[PDB]
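Every read-out reported here was derived from the displayed coordinates using simple, explicitly stated rules and does not represent laboratory data. Heads up, the Cβs are rebuilt from the backbone with ideal geometry, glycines too, and the neighbour counts pull from every protein chain shown.
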Amino acid sequence: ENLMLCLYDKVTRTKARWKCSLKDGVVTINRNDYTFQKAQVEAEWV
DNA sequence: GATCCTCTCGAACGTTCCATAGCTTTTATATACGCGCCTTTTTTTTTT
């Protein structure tokens, strides 16, 4: 259900922006299953 | 001692442990300008 089951190792933020590095996880997205080897997530907190 | 004159140079020691203040903790930001190091960019390379 759009749930990222992984392990984070690096999250860097510069006052407005995320830089999250996720590794060796399984993601299930809307009747689809996906597993990655690396994940680089950069969110934006308002 | 050992002449004479010019003239040049630089209970103390441990032992325990409270008591002072700090420090360092993140995190806002302006600048330059440092490495840092990602990633793709970009090649060089190997095989078919």
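Filter the trypsin sites (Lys or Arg not before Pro) in chain A to those in DSSP coil with at most 14 other Cβ atoms within 10 Å of their Cβ, and list the result. If you can, show how the numbers build up before the last one.
Working: sites: A:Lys10, A:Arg13, A:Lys15, A:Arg17, A:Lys19, A:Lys23, A:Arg31, A:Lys38; in loops: A:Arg13, A:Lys15, A:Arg17, A:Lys19, A:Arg31.
Taking chain A and a limit of 14 other Cβ atoms within 10 Å, the loop trypsin sites (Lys or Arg not before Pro) found are A:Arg13, A:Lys15, A:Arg17, A:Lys19, A:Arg31.
Assigning unit charges at the beta carbon (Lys, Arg +1; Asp, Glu -1) and nothing else, what dipole magnitude in debye, to the nearest 20, does chain A show about its Cα centre?
On the way: 8 positive and 6 negative charges, 58 e Å.
That gives chain A a dipole magnitude of about 280 debye.
In a DSSP loop and with at most 14 other Cβ atoms within 10 Å, the chymotrypsin sites (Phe, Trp or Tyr not before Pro) in chain A are A:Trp18, A:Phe36, A:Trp45.
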